[PDB]
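What the coordinates show
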Amino acid sequence: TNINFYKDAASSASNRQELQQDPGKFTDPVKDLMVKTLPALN
Amino acid sequence: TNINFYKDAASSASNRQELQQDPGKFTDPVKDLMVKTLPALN
Amino acid sequence: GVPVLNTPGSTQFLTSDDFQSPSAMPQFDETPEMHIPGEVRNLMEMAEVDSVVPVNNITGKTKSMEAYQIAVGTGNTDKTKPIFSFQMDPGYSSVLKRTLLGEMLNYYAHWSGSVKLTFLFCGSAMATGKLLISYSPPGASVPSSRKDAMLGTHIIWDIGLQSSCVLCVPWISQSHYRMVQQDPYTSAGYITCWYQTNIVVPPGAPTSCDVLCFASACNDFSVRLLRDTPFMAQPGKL
Amino acid sequence: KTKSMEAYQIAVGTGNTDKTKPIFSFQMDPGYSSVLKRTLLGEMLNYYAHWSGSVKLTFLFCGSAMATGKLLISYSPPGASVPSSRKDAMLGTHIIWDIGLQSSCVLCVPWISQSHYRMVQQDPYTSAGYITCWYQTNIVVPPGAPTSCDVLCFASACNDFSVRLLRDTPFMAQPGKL
Amino acid sequence: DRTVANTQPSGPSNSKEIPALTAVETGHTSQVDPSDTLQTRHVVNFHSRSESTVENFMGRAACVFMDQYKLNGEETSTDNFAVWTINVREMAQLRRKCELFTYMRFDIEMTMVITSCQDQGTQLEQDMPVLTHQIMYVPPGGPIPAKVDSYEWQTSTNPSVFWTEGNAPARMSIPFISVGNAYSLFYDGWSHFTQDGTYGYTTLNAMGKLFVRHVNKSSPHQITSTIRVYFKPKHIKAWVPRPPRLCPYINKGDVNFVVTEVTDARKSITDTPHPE
Amino acid sequence: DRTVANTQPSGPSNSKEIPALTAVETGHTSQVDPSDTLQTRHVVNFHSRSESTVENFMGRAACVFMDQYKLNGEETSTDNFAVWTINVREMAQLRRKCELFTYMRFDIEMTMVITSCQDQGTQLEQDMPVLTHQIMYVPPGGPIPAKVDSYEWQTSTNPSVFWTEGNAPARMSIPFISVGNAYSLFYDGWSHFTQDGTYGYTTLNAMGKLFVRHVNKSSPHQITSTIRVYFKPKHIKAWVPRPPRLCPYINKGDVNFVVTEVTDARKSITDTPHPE
Amino acid sequence: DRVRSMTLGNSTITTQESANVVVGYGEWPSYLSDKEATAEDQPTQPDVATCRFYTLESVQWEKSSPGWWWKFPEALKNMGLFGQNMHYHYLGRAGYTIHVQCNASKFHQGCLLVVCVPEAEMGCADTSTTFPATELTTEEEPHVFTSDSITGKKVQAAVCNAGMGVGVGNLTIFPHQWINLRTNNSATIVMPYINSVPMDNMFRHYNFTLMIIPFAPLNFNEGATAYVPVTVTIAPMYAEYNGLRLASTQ
Amino acid sequence: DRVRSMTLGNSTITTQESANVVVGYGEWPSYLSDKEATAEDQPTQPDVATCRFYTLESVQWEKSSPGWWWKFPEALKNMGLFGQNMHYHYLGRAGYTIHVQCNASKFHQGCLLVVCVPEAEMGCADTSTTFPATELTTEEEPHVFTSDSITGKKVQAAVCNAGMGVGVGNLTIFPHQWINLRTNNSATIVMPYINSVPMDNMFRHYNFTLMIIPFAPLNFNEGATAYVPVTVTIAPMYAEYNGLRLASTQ
Amino acid sequence: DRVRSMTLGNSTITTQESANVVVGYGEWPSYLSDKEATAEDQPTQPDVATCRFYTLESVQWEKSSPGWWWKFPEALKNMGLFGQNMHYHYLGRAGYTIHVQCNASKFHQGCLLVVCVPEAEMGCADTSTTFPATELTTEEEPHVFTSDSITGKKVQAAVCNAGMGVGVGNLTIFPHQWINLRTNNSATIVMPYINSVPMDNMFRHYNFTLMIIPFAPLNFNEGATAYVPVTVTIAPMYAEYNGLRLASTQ
Amino acid sequence: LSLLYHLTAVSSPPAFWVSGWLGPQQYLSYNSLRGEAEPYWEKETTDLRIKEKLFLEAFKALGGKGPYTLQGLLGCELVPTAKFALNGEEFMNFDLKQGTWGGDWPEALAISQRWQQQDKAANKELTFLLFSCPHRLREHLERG
């Protein structure tokens, strides 16, 4: 499966196995860390 | 035969070679061991 | 690229092939597998389970609960006559078919291994008797007397505290595997039950008791050739 | 109220009228529930056939700073009817939101599904519960503050949330060539 | 491949050990071998049960969907595409095998043996190019085609396979598409929590629909193609086995049945089919 | 394949820690799990999100181009070849998936499921050999065919694939053909620097045209082939995700839309579809 | 051994002639594991409030009785805190120890297949239609099989088959314990939580059916006790409950 | 601190202006110890089914409102699994965290003594007789004090006194938290299980009364919210339950 | 924290009730890297001349206001040296810190989704045609959404949708900060340079739209300030500029 | 105008009858006993026979033995409109996107699944609503 039969990188398979995520980009985008337990404002 | 040509696990071959069985699940389901030689009840 | 020759057996949908295939949903996250109790990994594990045998195929008695009950009675009448008599082959014998062992075999074409017929007494606790159940290997006719029955393989069941004595029939097949279908060659023997002693019952106990036969499979039991079951015979679209 | 900005605003008011009546009431399934669909979580689920994981419903108060109250938002697991009183709501899973400096208390609904994954489509089996909001205490406002305030619900997903089976979204239903 | 257990050597026994005398009332099938109740010989048995596993028993691919979808003119209707709410129940041959077990976790190979035959007619002179067939699996809840030329055939996210007639049948390994951890071949519960609604397996294991069509827009004369979807359940993790179905199947949504005899009737309890 | 985070065990809490009480005004989605706001049990969750990645979400191949190009006689016209300015927008199914993200860097598998059907006519007696189809991707700015037999079909440098009907659909992995470092699924700017001209994605990500034709010169009777180009975006590096499109698409050049309701209307704010 | 004692919760079951306890498929009941869990609602685990033998209504074993079937998670509705938690929780997992007590004298003949069949999807008497819930689930009384074929918009309770269109005598593949009045005065089947999903609604989903099918009809000579009951007690050990919400109107 | 969060059971209480949490007499609630136990019935301990904030009916703070009192173990009858276990168990021990939420704007004047008085034995309006249970325990509505002396066969709800014939302003010896609309939008009193016996019937015995007595009547100028409610939520943490039996007809 | 100070360039923004600063997708703005660069024109980097908060025209939040949208690189044309460098440079990269100040008293109700949507390609009121640039880009005044559907050769400013044919309430996927007058007197969204190409023309390309959409309409009782403005200040930190040439006639 | 077939059927009766209204005027009066679309007509008769079979299977789908007066308002407004009512109360609607009936009512899901069991019945409904109803509406408007 990992073997690539074509020299072109665009010819490789879909990177289905690659599970990466950074929800902090969109779900925690604030500059200052907002802890769930701590009050968010003041 | 064992070689998998697709990254997906659902794409693999049928596990025909895998011969496993636990007949004690259905043929010997009693909580207390019942020996064939010994009387089953009392 | 690499020179490849299309060998015979190409562009074909063999039903019994283990070829790989591209998935419809790549990198699909399957639901995590929980330990569900009852993991059946071999169909013979299901066959190995004692399963009540509809021994009494008599018309009307079938499609009912009288099919499984072998009527064993307290009397002098027909006590030199078989309590029951059928063929040992779970595949095509009307008695041993349509049960866990029989329907398990019907999904295959060749079967092997010893069959355990567990005979459970269903009567009064005061009832006591002896039933001689015999598996006769093929080569002769079905046993017609208990004398002809004890010659072959037989078990004498003393009705009592256990009351579930099992005739574990042996593997006396000429070939390694018998035929599930009705084949005169490599066929099995015959199971016939007789009254070793009459089941004596007290006046308060019922005279006519019952026996339930349980077809199961041993650790030696196996099947070889898969096939579609003839039982279903689907008429059309559902 | 839909096809507008009144669709998102939950009108929470200062009054004695219908304060034993739900502030809002819908079904928890983001897939086929008309309320929780057509949003990031709902439209994300609509692109799949099986979904799982806890849904966080963040309730943001949009009113005067002087306004103060308590709203009890309850997720009721399936098996019974939709909550019709706050007494029936507090029996299930509920969160009491004290309107104040935070004013964005979130009902992070749990995963009480019988199966590992629920169905995105309208399936009576393995369906989710119901979200109903009630007035724990009436939102008391000063005379200078407006009586009728608003609430915005934010559907989001937790670290436990996942979907399993990809499918084409039923929302689009392309008529023809563009 | 572990073989069957060899029949251990045995001799005459008058001991107090009662192998035959047991109690099946306990729910335990007696584990006695022929040696236990009979005097037998030591035979090294090599009868492997490899083909008798649920993996191999379900490995045989059996047809599950038979429908006739048509190519004809421009009067597009519902007969130009074959619709199937993917369910094993449709065809009884594999339905009985699957209904031999309550729960089965498996990846399912879906092979589409499309057979295109021109419909008998007054005029069959047409010489159509090789027909291409699209087999799309619509995820449960996803949009489904309304016509043979609808937008839903543009498979942006729905899995699909385009197969040209004359090649190997299109085989697609569908993964474990279930909300739960198994497929409930039997579901004794109901669809809704109020003990109402749909009853049976149909409520759970709601596999998404499968739509089959001719990628070719039209045909001078009508040609009917039989999709003949065959299922090969592999990677079987079957749980809770069930007896093979006795009564013939009547409906693909329920196990509703017309009462059938337990087994083939025989003349008498002492009737043995034997040579004279 | 990293699974979801397991729900940590929790108990009754009267602390000054307010997990539920947060501020979504800050633009931060609350990171609370069910344990944070409720008393829950320790369950080891194995619900993998592998199929929920942009690589897998876009991995599903969906149709992007539907056109009917024809083979007939010697009166060559514009109907003998299918022209497509390669754009995801054409078909809404994949257009919505791509317009779920502002920028996506990916290699795009282009699968041509050609379906040739003879056009219904008085005379269909023809017996044409197996039709061969040429699918050429003209680079942006390169010469494009004017007729089905023009010089541009002589692909000296333009990529092209010749596919014979009945084989596997022609799958060609087009690389990242973009002047920029990503594909702008949305382009809020204009075509020209004077804030005029064409508006939308069409100005940038100017993928070169795709021309499909029958390599066979002519056919005794007209045969219409549906090209049905399906796109499989792989090697996805999507940036700036966007909400899935709400209003139905009207044009493939702009996001111009007829206003649609935010969501399905319901009787009342307290209306819950529930069993009685 | 014949004598046995099971102490689950407040209730205690004592037997003197019971056969060996059957554990459903050899897996002892246990709480849903975190690795096997799908919900993060912190399920409540009443060790004795819900995990106790609830005695169902006694059913008389008649000479013409075809059999009976109880849908266990459902039968226990409105019967103690197990039923209360069924009403108040969307999800539910439990391993049920079913002790069926059918006591009879030494002069009574008969044997019952007391088989716990997981997801025993029953058939309808009229195959085209589907029976209502009042025909499957116990409604003030256990549902009783029929000796021959029956019609109408009811469950196909023909004891001829297992009720699912399958051979009744083949039901022993599922965990079972025969009540042979010669040997067994009771049957003990310990079924673990058996379902595809980690947890399911206990009203929406019927986890299994306790089918008590007399294969040999109860035959007793005159003077013996005609009223031979078949009591059913079931202890839902490890009765986990997720998705706490308002009580269902069941 | 003003802001606070209490996560007991399924329910969660968030406050922004609440004062410091009061623990009743400084002892945090806990399960009955074996050394301190008197019953050997293996009590059930629902950690979240019963230990959760049950929101009682909102009570409007009026300008002429004298006050109110709830009998806590009793008020929570037929309200969730805590009330169900009250019905189904003879004995019961629980430590109640009472969060009374009385939100008001910065232009509202008033202060409430929200005092949890253990065994607040109330007096009768006619001293010779004794009031019925419908006068002490909440009956579809909390019981309301009276500004002056009252007569009849009812509870002496004269807010002049504490209700036990004692000074109301001296009630602060018992655990309390004043709801001053200037400072407190809510009061949090964590009363442990406070009783002479290790466990007592939750219907027969009223463990305590939550007396909410406005010492300064709610005064607000016109235009401000007239309906200023006083909601009562109570979480019975460590709700132990012995003597499981049939449900009481309460 | 509520209080905050941002000192970018000459201008300084002080807030007392602002919520937490949002960084667009978690990436702080920075100059185009040499590895990420495509042009070799040695771009000029005015650290304070262009990277400063430009205050846009104040917009009154009305009770019937549907919303507004600014195209940021474009809105800042002819407004300081940032606009001058936009005119004089073909390429341009900048990370914009948008502080939207909407101050209101404690008696004002409402909340604004102040969302920065990169490449928010708007739809046209007449779908067949395409709107002119005078309808998208701010022209002496910010462009205002419409409560219902509108027609004509203009931008489809129906506030019913997000303006791109998408759900407006789903816009929070893009970096955003809600101006809730209860909590937020201002919103701070720090968007990095978000584009497919390393650099693009700031007039030809609109990098993003600042959509300020009141989800709850501003409701205030009489006597309170009717004119509640929504000022927009934007600081293009790291305002790189390649392709220096003659000034564009914009 | 708005075409609306008022489908109606009774489990225990005129077992099934349709009232097609092209606008406020009624133009079609189909009956189960006649089996024909009594006021092109052959196709509408076949479609309404399919609808009659679907209604009979829906009657079989309901577990209750009580009377069930199923109704529906199938048609397109020139937009398809599908609203099914059980016992005079709306219980399910046909989702065109998912292309299947459903609703909060349990009987809604029972009837939807039962009709889904029928071969291509959901797509027959899709063709009837999205294509056949507007086609008949336009044809009748041009004709009348």
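Structure determination for this PDB entry is given in the record as cryo-EM, at a resolution of 3.09 Å.

Chain D carries the name VP3 in the PDB entry, which gives Echovirus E18 as its organism. The PDB lists this entry under the title "Complex of Echo 18 and FcRn at pH7.4".

Going by the annotation in the PDB entry, the name recorded for chain C is VP3, with Echovirus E18 given as the source organism.

**Remarks on the overall build of chain C**
Along its length, chain C carries three helices and twelve strands. Computed over the C-alpha atoms, the radius of gyration of chain C is 23 Å, more than 25% above the 18 Å expected from 2.2 N^0.38 for a compact globule of 238 residues. A total of 238 residues make up chain C; the buried ones form 64% of that total. Side-chain charges of chain C comprise 15 positive and 19 negative groups, with the mean position of each set lying 13 Å from the other.

**Observations regarding the interface of chain C and chain E**
A common measure of how large an interface is: the accessible area buried when the components associate. Contacts between the two partners involve 100 residues from chain C and, on the opposite side, 105 residues from chain E. On the chain C side of the interface with chain E, the three residues burying the most area are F13, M232 and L238 of chain C, jointly 10% of the side's total. Here chain C is connected to chain E by seven salt bridges. Across the pair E30 of chain C and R105 of chain E runs a salt bridge, and its minimum N-O distance is 3.7 Å. At the boundary of chain C with chain E, the tally comes to 56 residue pairs in polar contact.

**Here's the deal with the arrangement of the chains**
Here 30 pairs of chains are in contact, and chains C and E lead that list by number of contacts. At no point do chain A and chain G touch; the closest pair of C-alpha atoms across them sits 17 Å apart. Chain B shows no contact with chain I. Their nearest C-alpha atoms sit 31 Å apart.

**Description of the packing of aromatic side chains**
Within the structure shown, the criterion is met by 82 aromatic pairs over all chains. With a centroid separation of 5.5 Å and an interplanar angle of 20°, the aromatic rings of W51 of chain D and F161 of chain D are classed as stacked. Linking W51 of chain D in strand β3 (residues 50–52) with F161 of chain D in the loop between β10 (148–157) and β11 (162–163), this pair joins segments that are 110 residues apart in sequence. According to the relative accessible area criterion, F161 of chain D is buried, its value standing at 6%. The ring of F57 of chain E is capped by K97 of chain E, whose NZ or CZ atom sits 4.8 Å from the centre of that ring. Seen from the ring of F220 of chain I, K63 of chain I lies directly overhead, with NZ or CZ sitting 4.4 Å from the centre.

**Some details on the sheet that holds strand β4 (residues 110–112) of chain C**
All names here are of chain C. The sheet built from three strands is open, its strands ordered β9-β4-β12 with antiparallel pairing. The open sheet terminates on both sides in strands that have one partner only, identified here as β9 (178–179) and β12 (222–223). As defined by bridge partners, β4 adjoins β9 across two bridges and the pair is classed as antiparallel. Following the sheet pairing, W111 is matched in β9 by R178.

**Focus: the pairing of strand β7 (residues 93–101) of chain I**
Residues and elements named next belong to chain I. The buried fraction of β7 is high, at eight of nine residues. Of the pairings in the sheet, the one linking β7 to strand β13 (residues 228–240) comprises eight bridges and is antiparallel in character. What sits directly across from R93, in β13, is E240. Where β7 meets strand β11 (residues 186–191), six bridges bridge the pair, whose relative direction is antiparallel.

**Overview of the environment of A188 of chain C**
With respect to the secondary-structure elements, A188 of chain C resides in the loop between β9 and β10 (190–200). Along the chain, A188 of chain C and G139 of chain C lie 49 residues apart, while their C-alpha atoms are 9.6 Å from each other.

What counts, and where the lines are drawn
Residues numbered from 1 in each chain as written, not as in the entry; some residues may be left out. Chains lettered and ligands numbered in written order. Part of a larger assembly, values for the part shown. Heavy atoms only, no water. Residues with missing side-chain atoms left out of burial classes, pairs and counts. Helix = DSSP H or I, 4+ residues; strand = E, 2+ residues; numbered from the N terminus. Rg over C-alpha atoms; globule rule 2.2 N^0.38 Å. Buried < 20%, exposed > 50% of the residue type's maximum accessible area, 1.4 Å probe, protein only. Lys, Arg positive; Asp, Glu negative; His and termini not counted. Charge placed at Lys NZ, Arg CZ, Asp CG, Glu CD. Contact = heavy atoms within 4.5 Å. Buried area = accessible area lost by both parts, 1.4 Å probe. Salt bridge = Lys/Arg side-chain N within 4 Å of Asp/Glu carboxyl O. Polar contact = N/O pair within 3.5 Å; in protein donor to acceptor, adjacent residues only side chain to side chain. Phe/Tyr/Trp six-rings, centres within 6.5 Å; stacked < 30°, edge-to-face > 60°. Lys NZ or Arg CZ within 6 Å of the ring centre and 35° of its normal. Pairing = 2+ DSSP bridges.

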